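In: Give the three-dimensional model of this entry:
(chains A and B, ligands or ions: 2)
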Amino acid sequence: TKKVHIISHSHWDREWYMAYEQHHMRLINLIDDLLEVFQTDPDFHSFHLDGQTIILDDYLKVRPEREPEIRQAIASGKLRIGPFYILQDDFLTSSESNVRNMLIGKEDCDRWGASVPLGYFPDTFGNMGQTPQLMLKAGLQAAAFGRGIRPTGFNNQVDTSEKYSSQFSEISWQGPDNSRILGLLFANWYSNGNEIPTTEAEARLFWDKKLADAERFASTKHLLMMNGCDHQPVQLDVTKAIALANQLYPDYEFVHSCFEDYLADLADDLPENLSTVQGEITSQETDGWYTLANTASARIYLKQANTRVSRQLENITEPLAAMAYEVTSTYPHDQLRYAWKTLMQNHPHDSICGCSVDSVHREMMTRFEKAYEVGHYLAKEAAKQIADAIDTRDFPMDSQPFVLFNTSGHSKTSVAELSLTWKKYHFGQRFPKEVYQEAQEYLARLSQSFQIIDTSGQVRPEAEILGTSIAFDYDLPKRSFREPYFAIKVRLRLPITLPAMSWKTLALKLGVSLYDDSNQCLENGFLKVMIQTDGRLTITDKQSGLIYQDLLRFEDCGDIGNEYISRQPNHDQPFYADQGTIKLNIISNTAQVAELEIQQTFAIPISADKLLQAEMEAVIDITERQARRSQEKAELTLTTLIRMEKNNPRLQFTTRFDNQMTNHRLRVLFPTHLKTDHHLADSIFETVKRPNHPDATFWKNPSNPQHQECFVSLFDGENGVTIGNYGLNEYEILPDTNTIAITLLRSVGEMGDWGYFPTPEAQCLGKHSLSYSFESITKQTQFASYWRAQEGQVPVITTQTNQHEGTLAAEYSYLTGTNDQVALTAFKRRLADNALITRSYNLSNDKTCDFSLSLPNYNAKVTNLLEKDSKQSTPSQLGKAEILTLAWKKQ
Amino acid sequence: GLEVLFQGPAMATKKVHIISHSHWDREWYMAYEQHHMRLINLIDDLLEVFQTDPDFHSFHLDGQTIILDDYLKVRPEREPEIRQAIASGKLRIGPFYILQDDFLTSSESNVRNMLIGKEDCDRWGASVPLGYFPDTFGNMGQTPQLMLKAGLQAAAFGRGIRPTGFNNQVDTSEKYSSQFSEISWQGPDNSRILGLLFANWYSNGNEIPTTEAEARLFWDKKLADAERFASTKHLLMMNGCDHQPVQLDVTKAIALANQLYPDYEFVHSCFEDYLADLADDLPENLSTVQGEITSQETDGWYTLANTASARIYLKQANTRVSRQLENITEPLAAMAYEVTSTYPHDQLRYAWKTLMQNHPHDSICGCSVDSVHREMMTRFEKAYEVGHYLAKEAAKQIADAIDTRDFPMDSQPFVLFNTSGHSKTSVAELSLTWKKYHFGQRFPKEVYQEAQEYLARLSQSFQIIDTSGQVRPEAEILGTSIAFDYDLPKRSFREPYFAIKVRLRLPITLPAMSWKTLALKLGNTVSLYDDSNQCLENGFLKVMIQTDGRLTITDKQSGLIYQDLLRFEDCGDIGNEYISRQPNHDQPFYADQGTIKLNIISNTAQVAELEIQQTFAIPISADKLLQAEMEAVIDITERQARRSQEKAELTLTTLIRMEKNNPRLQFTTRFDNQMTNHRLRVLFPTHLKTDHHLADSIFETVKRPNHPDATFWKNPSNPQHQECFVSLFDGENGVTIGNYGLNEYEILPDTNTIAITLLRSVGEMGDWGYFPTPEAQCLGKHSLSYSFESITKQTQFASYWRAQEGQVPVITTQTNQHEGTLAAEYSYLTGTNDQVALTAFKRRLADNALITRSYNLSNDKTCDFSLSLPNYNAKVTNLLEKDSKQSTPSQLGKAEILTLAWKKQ
Ligand SMILES: [Zn+2]
Ligand SMILES: [Zn+2]
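Out: Numbering: from 1, shown residues only, chains lettered A, B, ... in the order given. Ligands and ions are numbered 1, 2, ... in the order given. You can find the structure just below:
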């Protein structure tokens, strides 16, 4: 005797094959229909709103007058909401974003008065390894998902060579930290109970199939029927359907249910023989063609923009505002929430994955700009608040003080690129022309040289003055009208080391190079970098002695696929930039920094052939496509700026070009020839270990694209390579040579999936600039290479202030006790009480480590990810893959 | 004390009304969010001062209710506090939603601003009885009528009137001079309102000192400045400025002022109180200003009229969304209500609020930074999508209720709608779905093959029939194809299919606000263009394409001949987003002097499409000096920059479309702009003998001189604003040029040439600093649409509504064979008049009455008003849709705007 739980739902992709507003208007219809059916049908139990609270906001933005009816429907349990804000892509949103989704989701649920105790990942294109820890520490003990695993027959014997097979639709999901949750697999998809018939003959055919399908995998008598699908209207006659089903099947108890009741029933009946699945679930034991992993390189410009806003909020704005609270006794919670919600409107999977129509991705760019602007405003305000409260009296009156901040979790060594204001010539009531000329005359008369001093008056000899100029600028005072002026600007380079979460005040006053042109060699204490005749690099590690030849190869291939899936044409042969025309240009060359440009011009097919258009129009599966690249070629010019800094082991690259070719992919390759069968990728709160070969038992796709956050690394036990990136979230390991391949551009012409949706802007025509890095590592520098790749995305922050008394010291470290193996991801304050919150995680899944983090004259208390206090004592060590959130209060 | 037993004369006092405010441009020299965060600071400071200073009376929130929404979007928890501040009168709000540019927003948009503003004010429970135009770059001539019929009797404005003292003889030739800062503003319909001029700007009372020495200097100047122009003892001191923070110590400043000046009563005041005091003390008669205020009597350099051609792509987008909402979505939904008993009020409000977020003057004027205008494009898309969804739904609701049983089962019915206020004759360009091959559980490829085989085996021809089964022989089948498509049912899952699509043109005439049902089925002479002659000819016009690509057009009715029409002129522009400046000694480049080629696109008896293509070399940019002049904030009039020596080829392609029974010749000019700091115009030399011209303006065809005022004007150019058209008419014959979002024109008076601006490319914002705006160069592809019609006395007014309604295509939708309550052919209104424009056809929120709005296309003559909706009775309402007690007129007064509510009989 089975219990058949019918859960009515709609999987509501916020924006996808139509612009947001087209989906939005149909969402109004859905909720209108729900509110009406709650009135006309007393037996309609509930409706699951797809796990995302944003739906409620979207509805009320159009029908604000319906707020009381919405609140009532939630209060009665007829609308089952959240527990998330949006339904993300796990891998393409930042580690912090994965938590903020839950923080905002919970805030919304608390406001409405109800939640659903189920992490909801119905459609997610691969599931992060840390889902179990992320759920447990967000007050959730279960997650439901539809992708990444294929249920083996609940029928078959043990064997168990298949790591990602499951007997049942219920699993014990274990993460790298040993956290365990219930994994509820939609084994028959989230549409298995869609459109239940209300007439006998049709109902019989439907239920005989559906019951058998669910029983094939159920570990209990509780069968889950998901009554909904993508943008599915509510089934208005579902009560009639359920009543019929009960009449037709005396041995089955059909009930209109909800996820909370379903989990309750499961809890009572779950057996002890659930399959365990360990870590990330990314379709490892499939044919590899439909992982949709190539969303990582769809519209890379979106991922770059996301990275910029994420770093702004997490690593600049929040840390500065957290510290500024000392001065102001306030922290901008409302403005930050507004910025975070704006950013996360770009985090629904179809949005960030770049797998929607053109209109959707144009709208996303605007959202990125808005969230950035808010974060940028708040960061500048916080930095000023601190600087204006620093005791800057040690600097002479004929100097211009400025404060430099490292807002990251470890020591930051860099050559900071600065533009400081030396003098302001205000417009007043004069003609701007007169004021401009006065500034010109000051510079014409200037005979002294600009210098950088510390509080002791000591000159920093390593600073390099690059030039002076006049530039219009303005100030916006808090208590008076705008103030326009011409500024005398001083452009300079400043080598500096700043400890974690620290500031240093300096001031501007009046008072053998790295590159060898005869050798075409960039050299510092760490690396010797030989630019080859073909533009590729030979890099020698000066500590280990290891030599890497033919690094930095640019590779252009055909792509006849879509926004989800890359497909190289049959017989595709790459075009290599190094086989074209090579030119070298020195941009700068001092003892502190060298910048070299390597330029290649090579001919590539301008497009795909005409067959592609026919194959897309006919909705031909990507694996069957016969289209090739065009015969006609055009010259593509790549320019890569290589930046070496004196005391920096990390070599920085920026590759720029104007893309005027369609249906192709550009990658940069780093062949390592390292002896190892695995690699390490920056994933959501974990450095996840992955095989270099996909599983040859199941895998058919000639490629194995994988997701990364800030870096990917190969390491043989003593030596290795770490490649960092900025918003370049797709990599591949080429196992024959252990080459790291980073995707810089992927251009396609259609969305893909269920139909033909032309997306010409997915071709990514126009200018691009991609940044990435190389570091050669040893056992001793491995973990530092990982936080450098993460924290290297965040520049030294500067702000100017005058000479004044102050309550703050001119240099200060807000925290101490850094560990190479311990990443810092959050430094913020708590909404409830303004307590300082930190979040750290173990960069290893294999080893515990010391946890030394300390904020001077604060005590730490352990919280969960939602920043609610736990009973756990503060550890002195981190477990494998542990994510530790701490609230800090004055001693 | 001693004055009581030895009394002297009772002395008069002045009353100094200090109104604290902030003029809050929503977005401008920074992105919206940068201004938005500072707005949070302003309101935060305000709420704090209300709690700490009992003497702080009120703050004027810049006449725009959007500010409240913007604040609460960030601090939704402050709603109770905001409500209490409004209820107590400490925050003075609206009466508008936003502060628009008048001329660059649609006629209806100018009303919707007031409708939404009033709605917001009603929700909050307070308003301010003052139309608010503090900074508007030109004030529309209908402001007095628009205010009165939205229940407002006063408007405040800052630009375009020169107040003279009470010490000098008024000069009667100065139409835009005033004696005082208070005027009677009289509109073309004879409506009068109180005009409140910011004679000393809206910043005259900014940052009032709180220390005696400085306060003396301040007030000695400010009092004299205000008294100079005040008609009463009541002096207006505006305590604020652009993005000005609240003056937290204004109470102290007012207290000090009261101590220092015994003869002056300083009070922390508000506009409502100021207007009440004026009602008591205003003289019975004030200087009259008649009509539009556009800075006619100035040097013409700082009118900011060239905002009309800044980022023309914005104006085109705005026109598209405005037509979508006003003339497609609203009319369809209004009619669909008869079938469904529901109308999408909430969704329409959302669409309108979204669109009007692009209507603040700095937004729509194109005079902000690059980030702002990128954000605006997203808002236009959003508003359009909402309107487009609702129109499609409404058309389907109507079609599904039509009795389509007269059509045979082997045919595909479709309904054609004219959603405009007059008869619509056009050649509809259609793509109909003949058959659908659903995916089901098959591989799409197999379904695709089945559709292909169907088309391959097709032996019959497609035809269009009516309800009597009669074939329409004028219809032209252009082709058939297979296209992926999908349906989104109300009650089930998406339905993908391959559709057999039939592409065709259908000449059709549809009465005003009407539909007609036809069907597609299968069944069994002299072209308009003569290539030997290079001549397009119908019954109205003979159009000879000259060897140089300009046109010679002969009006076949009147015999008049116009040579050398359609000249494309490229000039330099070394100005900014506000002001166009041609360099010293600039010589135009003409496309007709380049390489000319001609291409026949289509040519039948019903339609001919010709492309004239010119390639001509123009300077790629301004010279190197312009950058230095921008960087040093050199005034545009003093700039010495010229165009670059280096040139590149610019290719223009203009598609000319002539239709058989259409007097209006349609033009679409396209090109890829890759040159900076230039202006492209199209010229129509008329040589018509007339000293005035007529432009489509806000609910009026405004009359303007062809020469600017030489007593004052120094600018060599005289750019003017237009909505849908501009016209020259000599009393018997004329020319009407229509446009689609090309809102800047100029009349060149020596030849009476109508010049339409197609592109203006500049590299900085302008105004108070150097704000580089590379995207204001408008690089990339452009497509501009406009029209020519030759008119007589008998066709003048029809040429005007054709230019307006010709922006709106015939609407179509398909439906199957079914019973229905609606007739297959129906006219929803009758009693059209060439002289009466229809601008609104919508429903009212309160009771779903059908609202119509019409206006008189003449400022000079009355006309009959015949509008009738069968099955309905009308009563007169104001612009805000509030019933009046006025009887329905049978005539329209000069420039009258008439709003009616219709209810079933
Ligand atoms: Zn989805
Ligand atoms: Zn303004």
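In: and whichever residue of the stretch 101-250 of chain A sits closest to ligand 1, helix, strand or coil?
Out: Nearest to ligand 1 in the stretch 101-250 of chain A, going by CB to the ion, is residue A:123, at a distance of 3.4 Å. For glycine as for every other residue, the C-beta is placed from the backbone atoms N, C-alpha and C. When classified by DSSP: H, G, I helix; E, B strand; the rest coil, residue A:123 comes out as coil.
In: quick one: stretch A:176-196 near chain B?
Out: Yes. Part of stretch A:176-196 sits near chain B under the criterion CB under 8 Å from any CB of the partner chain, namely A:194, A:195.
In: Only the buried residues of that stretch, if you could.
Out: For stretch A:176-196, a neighbour-count test (16 or more other CB atoms under 10 Å in any protein chain shown) marks A:176-177, A:179-188, A:190-196 as buried.
In: ok, and of these, which contact ligand 2?
Out: Checked against ligand 2 using CB under 5 Å from the ion, those yield no neighbours at all.
In: for residue A:172, phi and psi?
Out: phi -90, psi 110 (degrees, to the nearest 10).
In: Kindly report the residues of chain A close to ligand 1.
Out: A:13, A:123.
In: what's the domain layout of chain A?
Out: Per curated CATH domains, the structural domains of chain A span A:1-11+A:188-272, A:12-117, A:118-187+A:273-292, A:293-393, A:394-511+A:795-814, A:512-794, A:815-891.
In: quick revisit: number of nearby residues for the residue of the stretch 101-250 of chain A closest to ligand 1?
Out: The number of residues packed near residue A:123 is 21, by other CB atoms under 10 Å in any protein chain shown.
In: Check residue A:433 too.
Out: Using other CB under 10 Å, residue A:433 has 14 other residues around it.
In: Confirm that it lies within a helix, as I assumed.
Out: Yes. Assigned with three-state DSSP, residue A:433 falls within a helix.
In: wait, what's in contact with it?
Out: B:632, B:633, B:634 (CB atoms under 8 Å, 6 or more residues apart in numbering or on different chains).
In: picking that back up, could you list which of the buried residues of stretch A:176-196 belong to strands?
Out: A:180, A:181, A:182, A:183, A:184, A:185 (DSSP state E).
In: Quick check: nearest residue in space to the first one, chain neighbours excluded?
Out: Setting aside the residues directly before and after it, residue A:180 is nearest to residue A:174 in space (CB to CB, 6 or more residues apart in numbering or on different chains), at 5.1 Å.
In: Backbone dihedrals for that neighbour, please?
Out: phi -110, psi 130.
In: so who does it touch?
Out: So residue A:174 contacts A:132, A:180, A:276, A:277, A:278, A:279 (CB under 8 Å, 6+ apart).
In: got it, and residue A:360?
Out: Listed by CB under 8 Å, 6+ apart, the contact set of residue A:360 reads A:15, A:16, A:19, A:20, A:350, A:351.
In: quick one: buried residues of stretch A:496-515?
Out: For stretch A:496-515, the neighbour count (16+ other CB under 10 Å) marks A:496, A:498-509, A:514-515 as buried.
In: Can you give me the end-to-end span of that stretch?
Out: With CA to CA, to the nearest Å as the measure, stretch A:496-515 spans 21 Å from end to end.
In: Number of residues surrounding the residue lying closest to residue A:293 once chain neighbours are set aside?
Out: Setting aside the residues directly before and after it, residue A:293 is nearest to residue A:705 in space (CB to CB, 6+ apart), at 4.6 Å. Neighbours of residue A:705 under the rule other CB under 10 Å: 23.
In: Which residue ranges of the stretch 401-550 of chain A form strands?
Out: Secondary structure of the stretch 401-550 of chain A (DSSP state E, counting those that start in this stretch): strands located at A:412-426, A:450-453, A:464-475, A:483-498, A:502-510, A:515-516, A:521-523, A:527-531, A:537-541, A:547-551.
In: Distance to chain B added to those, as CSV?
Out: Listed next are the strands of the stretch 401-550 of chain A as CSV, based on distance: least, CB to the nearest CB, whole Å:
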stretch, distance to chain B
strand A:412-426, 12
strand A:450-453, 22
strand A:464-475, 4
strand A:483-498, 5
strand A:502-510, 23
strand A:515-516, 32
strand A:521-523, 34
strand A:527-531, 34
strand A:537-541, 35
strand A:547-551, 36
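In: Would you mind putting those into CSV with distance to ligand 2 alongside?
Out: Shown next, in CSV, are those (distance: least, CB to the ion, whole Å):
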stretch, distance to ligand 2
strand A:412-426, 23
strand A:450-453, 40
strand A:464-475, 17
strand A:483-498, 17
strand A:502-510, 37
strand A:515-516, 53
strand A:521-523, 53
strand A:527-531, 55
strand A:537-541, 55
strand A:547-551, 56
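In: Of the domains of chain A, which stretch is the most buried?
Out: Highest mean neighbour count among these (mean count of other CB atoms under 10 Å in any protein chain shown): domain A:293-393, with a mean of 23.
In: what angle separates the longest helix along chain A from helix B:370-401?
Out: Longest helix of chain A, by residue count under DSSP state H: helix A:358-389. Counting by axes from the mean of the first three to the mean of the last three CA atoms, to 10 degrees, helix A:358-389 lies at 150 degrees to helix B:370-401.
In: tell me how far helix A:358-389 is from the chain's mean position?
Out: How far helix A:358-389 lies from its chain's middle: 17 Å, per CA atoms, centre = their mean, to the nearest Å.
In: same thing with stretch A:678-686?
Out: Computed by CA atoms, centre = their mean, the chain-centroid distance of stretch A:678-686 equals 13 Å.
In: Tell me which residues are up against that stretch.
Out: Applying CB under 8 Å, 6+ apart, the contact partners of stretch A:678-686 are A:90-91, A:95, A:98, A:128-130, A:133-134, A:176, A:280, A:687-692, A:706-715, A:731, A:733, A:738, A:740, A:786, A:789-790, A:825, A:841, A:845, A:881, A:883.
In: hmm, try it at 7 Å
Out: A:90-91, A:95, A:98, A:128-130, A:176, A:280, A:687-692, A:706, A:708-715, A:733, A:841, A:845, A:881, A:883 (CB atoms under 7 Å, 6 or more residues apart in numbering or on different chains).
In: Let's see which of the residues you listed end up in strands.
Out: Those of the contacts of stretch A:678-686 mapping onto strands are A:687-691, A:706, A:711-715, A:733, A:841, A:883, per DSSP E.
In: Show me which pair in the residues you listed is furthest apart.
Out: A:733 and A:883 (26.3 Å; CB to CB).
In: Tell me who's in contact with whatever residue of chain A ends up closest to ligand 2.
Out: Closest residue of chain A to ligand 2, CB to the ion: residue A:482 (13.2 Å). By CB under 7 Å, 6+ apart, the contact list for residue A:482 reads A:474, A:476, B:243.
In: And for stretch A:572-587, what's in contact with it?
Out: A:515, A:517, A:520, A:531, A:534-536, A:553-558, A:595-602, A:604, A:638, A:641.
In: Just those: which are in strands?
Out: A:515, A:531, A:553-558, A:595-602, A:604, A:638, A:641.
In: Contact partners for the closest residue to chain B within the stretch 551-700 of chain A?
Out: Of all residues in the stretch 551-700 of chain A, the one sitting closest to chain B is residue A:619 (3.8 Å; CB to the nearest CB). Neighbouring residues of residue A:619 by CB under 7 Å, 6+ apart: A:755, A:756, B:444, B:484.
In: excluding its backbone neighbours, what's nearest the second one?
Out: Yep, that's residue A:756 we're talking about. Spatial nearest neighbour of residue A:756, chain neighbours left out: residue B:484 (3.9 Å); criterion: CB to CB, 6+ apart.
In: immediately after whatever helix or strand residue A:268 lives in, which helix or strand?
Out: Under the criterion DSSP states H and E, the helix or strand holding residue A:268 is helix A:259-269. Downstream of helix A:259-269, the first helix or strand assigned by DSSP H and E is strand A:276-278.
In: ok, and what's touching that following strand?
Out: Outside of strand A:276-278, the residues within contact range by CB under 7 Å, 6+ apart are A:149, A:164, A:166, A:171, A:172, A:173, A:174, A:183.
In: No further queries at this time; thank you.
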